[PDB]
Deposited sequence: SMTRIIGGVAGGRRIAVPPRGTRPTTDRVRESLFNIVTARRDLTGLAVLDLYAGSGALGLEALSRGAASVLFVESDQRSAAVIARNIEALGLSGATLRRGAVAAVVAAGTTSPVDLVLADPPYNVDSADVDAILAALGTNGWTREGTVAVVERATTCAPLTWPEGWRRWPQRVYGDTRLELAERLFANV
């Protein structure tokens, strides 16, 4: 089931996927429909957590985001992300191989505008709760920053920390999508 970029300059162009448990195309089409309805991506900086194939970040990249930081701990997955960045031939992509919770913990001096996260099933939801909290204090978020998390309906829902305003939860087949934005 080889996936392809949905919208943007790279619309239609194919990207590769590792082995894994990746996002369905309707989930990706819908997430960007939701996000792009309420923000324009052009000039926006993006953080893609547990990037896997990079499909989500390559999508935002295609639709005009300025930069995407892909964070992914598996080396074969990081290689797949790099191949895909090359095949699409778009600028602004940076790749950071490492443990997502370690990277988020280490902080940053420049906030992003959209955080994309697809945590694998070995990650517990309460630990994802901790990453969302860290996004707020460790410099990753600014006022208006959107966060989106994809999980299996099997998984326990997220508990968002103060300072975030939840958007309406969505479900697609057996996948839950949670969205919020920073208030600051």
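K.L.:
Please list, in sequence order, every stretch of the deposited sequence that lacks C-alpha coordinates.
P.N.:
Unmodelled stretches, in sequence order: 20 to 21, 187 to 189.
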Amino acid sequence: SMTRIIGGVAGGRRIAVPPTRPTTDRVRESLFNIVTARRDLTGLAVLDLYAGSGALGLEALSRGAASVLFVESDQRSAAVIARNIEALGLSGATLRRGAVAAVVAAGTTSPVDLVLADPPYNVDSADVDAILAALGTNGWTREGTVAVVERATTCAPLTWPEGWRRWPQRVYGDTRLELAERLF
From here on, numbers count along this sequence of modelled residues.
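K.L.:
Decide which of the stretches 22 to 30 and 146 to 154 has the higher mean C-alpha B-factor, going by the entry.
P.N.:
So the stretch with the higher mean C-alpha B-factor is 22 to 30.
K.L.:
So where's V9 on the chain's Cα temperature factor ranking, which third?
P.N.:
Its C-alpha B-factor, which the entry lists for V9, ranks in the highest third among residues of this chain.
K.L.:
Ranking the modelled residues of this chain by C-alpha B-factor as given in the entry, is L177 in the lowest, middle or highest third?
P.N.:
Middle third, going by the recorded CA B-factors of the chain.
K.L.:
Using the B-factor values recorded in the entry, state whether the Cα atom of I15 falls in the lowest, middle or highest third among the modelled residues of its chain.
P.N.:
For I15, whose C-alpha B-factor we compare with every modelled residue in the chain, the answer is the middle third.
K.L.:
Which third of the chain holds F70 when residues are ordered by C-alpha B factor: lowest, middle or highest?
P.N.:
It falls in the bottom third of the chain.
K.L.:
Please say which third, lowest, middle or highest, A99 falls into when its CA temperature factor is compared across its chain.
P.N.:
Middle third, going by the recorded CA B-factors of the chain.
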